[PDB]
Amino acid sequence: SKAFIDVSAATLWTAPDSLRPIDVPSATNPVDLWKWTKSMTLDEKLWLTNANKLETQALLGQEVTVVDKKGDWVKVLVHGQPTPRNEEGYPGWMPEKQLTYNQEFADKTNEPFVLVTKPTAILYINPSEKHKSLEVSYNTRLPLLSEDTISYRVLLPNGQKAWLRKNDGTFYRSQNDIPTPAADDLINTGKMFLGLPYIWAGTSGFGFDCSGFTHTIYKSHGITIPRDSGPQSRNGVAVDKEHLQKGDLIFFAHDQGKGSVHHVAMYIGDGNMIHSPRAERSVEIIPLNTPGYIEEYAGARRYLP
Numbered sequence: 029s030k031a032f033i034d035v036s037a038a039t040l041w042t043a044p045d046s047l048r049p050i051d052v053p054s055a056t057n058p059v060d061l062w063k064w065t066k067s068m069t070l071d072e073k074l075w076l077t078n079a080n081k082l083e084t085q086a087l088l089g090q091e092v093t094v095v096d097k098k099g100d101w102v103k104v105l106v107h108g109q110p111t112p113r114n115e116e117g118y119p120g121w122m123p124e125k126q127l128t129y130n131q132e133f134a135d136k137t138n139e140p141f142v143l144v145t146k147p148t149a150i151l152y153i154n155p156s157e158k159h160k161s162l163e164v165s166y167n168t169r170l171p172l173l174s175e176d177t178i179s180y181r182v183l184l185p186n187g188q189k190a191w192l193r194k195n196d197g198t199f200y201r202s203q204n205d206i207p208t209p210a211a212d213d214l215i216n217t218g219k220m221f222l223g224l225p226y227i228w229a230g231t232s233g234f235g236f237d238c239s240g241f242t243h244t245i246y247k248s249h250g251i252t253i254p255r256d257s258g259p260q261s262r263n264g265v266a267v268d269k270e271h272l273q274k275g276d277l278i279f280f281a282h283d284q285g286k287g288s289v290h291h292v293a294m295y296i297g298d299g300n301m302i303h304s305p306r307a308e309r310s311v312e313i314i315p316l317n318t319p320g321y322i323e324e325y326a327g328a329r330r331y332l333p
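In structure tokens, the structure reads:
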């Protein structure tokens, strides 16, 4: 059955009940994802990848299909994150307490919405008995209720009403009606995140992995590409090295480009690329001709019409 993400961003696990104590702030409702990421050492971040712990992250209001339940954990398919693993959505395990269902929100899912357009922004719940607020990610979509000279009012997945400053968001009729981006729009979007530390499976303005970054940049501009780097590398139109253009996605694969794809970056022209590269680093711009990367070059895809 149908449910909605009830936290700024939910982290989905490859198995239920796999949290360390340091991961607790990712699993509560509400979350504290700055506490989560900023508290971790490098080794603690790398464990997420090397012990194969995470699947993806889903944002506030994103719809999921609940498919299994083990204790306090549910297995869900995240709609809007394409993967060859499952035709309905991206699979993984998350705490049930991070999901909600409100009929009014469910009915308004196909109405015009506000898309959050800064890396993160503050939503103010109004009315709220305890004057609550929520820091939300870039690419969060909530149904638009009303607009004044300074703000948009929106509906939260739990049925509460909230507002954000107009400068923190944009409204659109639907995903399908987000205008087609120019390559520079995509680049400018990526640039907003320069210096944001990497996290495995990161799919929000609280931290990205390389494919979560590319998926999020495209999705926020109306183009849904696969969640993961391997599938990203086999969708869109194949581009040859001599024909690289701004916005093109560039892929790197193990064994000198011959094996599995494990990195993706976006070409930004003049020989440079932007990416969220690895746990040791942050969203950054580097040359395509960087040692390591250049030997693993495994092709390029174009997603812009």
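The opening position of the sequence shown corresponds to residue 29 in the entry's author numbering, with each subsequent residue numbered one higher. Note that CB positions come from ideal geometry on N, CA and C, so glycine has one too.
For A281, does the three-state DSSP call read helix, strand or coil? In the sequence shown, the residue the question calls residue 281 occupies position 253. Looking at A281 - three-state DSSP - the assignment turns out to be strand.
At 4 residues or longer, and completely inside the region 84-150: list those alpha helix (DSSP H) runs for me, N to C. 131-135
Using the DSSP secondary-structure output, state which residues sit across from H303 in a beta bridge. By one-based count along the sequence shown, residue 303 stands at place 275. DSSP, once it has assigned bridges, lists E312 as partnering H303.
What separation, rounded to the nearest whole angstrom, lies between the Cα atoms of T217 and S232? On the sequence shown, position 189 is the one that residue 217 refers to. On the sequence shown, position 204 is the one that residue 232 refers to. Rounded to the nearest angstrom, the two C-alpha atoms are 13 Å apart.
Once you ignore the five residues that flank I153 on each side, which residues in its own chain have a CB closer than 8 Å to its CB? Residue numbering aside, residue 153 sits at position 125 when the sequence shown is read from its first letter. Excluding residues within five positions, the ones whose Cβ falls inside 8 Å are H159, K160, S161, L162, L184, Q188, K189 and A190.
Hey, how far is the Cα of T65 from the Cα of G297? Position 37 of the sequence shown, counting from 1, holds the residue named residue 65. Position 269 of the sequence shown, counting from 1, holds the residue named residue 297. Taken atom to atom, the span from the alpha-carbon of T65 to that of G297 is near 31 Å.
Extent of the continuous alpha helix (DSSP H) to which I206 belongs: Stepping through the sequence shown from its first residue, residue 206 is reached at position 178. In this chain, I206 is not harboured by any alpha helix (DSSP H), its DSSP state being neither H nor E.
Range of the contiguous beta strand (DSSP E) that encloses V292: Sequence index remark: in the sequence shown, residue 292 carries index 264 (1-based). Element bounds for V292: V289 to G297.
Just list the residues that DSSP pairs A328 with in beta bridges. Within the sequence shown, residue 328 is the residue found at index 300, counting from 1. For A328, which the question treats as bridged, DSSP gives the partners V267 and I278.
Beta bridge counterpart(s) of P333 as assigned by DSSP: For the purposes of this step, residue 333 is identified with residue 305 of the sequence shown, where counting begins at 1. None; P333 has no bridge partner.
Return the chain-ordered ranges of every beta strand (DSSP E) run that is complete within the region 172-231 and spans a minimum of 3 residues. 179-183, 189-193 and 197-200
Simplified DSSP state of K63, which is helix, strand or coil: The count along the sequence shown starts at 1 and reaches residue 63 at position 35. Annotated three-state conformation of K63 is helix, per DSSP.
Assign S165 to one of three DSSP states: helix, strand, or coil. To locate residue 165, count along the sequence shown from 1; it is residue 137. The three-state reading of DSSP puts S165 in strand, counting E and B together.
Just curious, the alpha helix (DSSP H) that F241 is in, first and last residue? Locating residue 241 in the sequence shown gives position 213, where the first residue counts as 1. Its alpha helix (DSSP H) spans residues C238 to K247.
Segment contact flag, the region 31-46 with the region 117-137, C-beta cutoff 8 Å, min 3 pairs: Yes: the two stretches touch, three or more of their Cβ pairs being nearer than 8 Å.
Closest by C-alpha distance to residue 22, when choosing among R329, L87, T208 and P333: Any question about residue 22 goes unanswered here, given that the chain covers just 29 to 333.
Would DSSP call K73 helix, strand or coil? Within the sequence shown, residue 73 is the residue found at index 45, counting from 1. Here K73 sits in helix by DSSP.
Would you identify the three-state DSSP class for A43, choosing helix, strand or coil? Working through the sequence shown from its first residue, we reach residue 43 at position 15. Three-state DSSP puts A43 in coil, outside helix and strand.
For the pair the region 42-52 and the region 74-91, tell me if three or more CB-CB distances fall below 8 Å. yes
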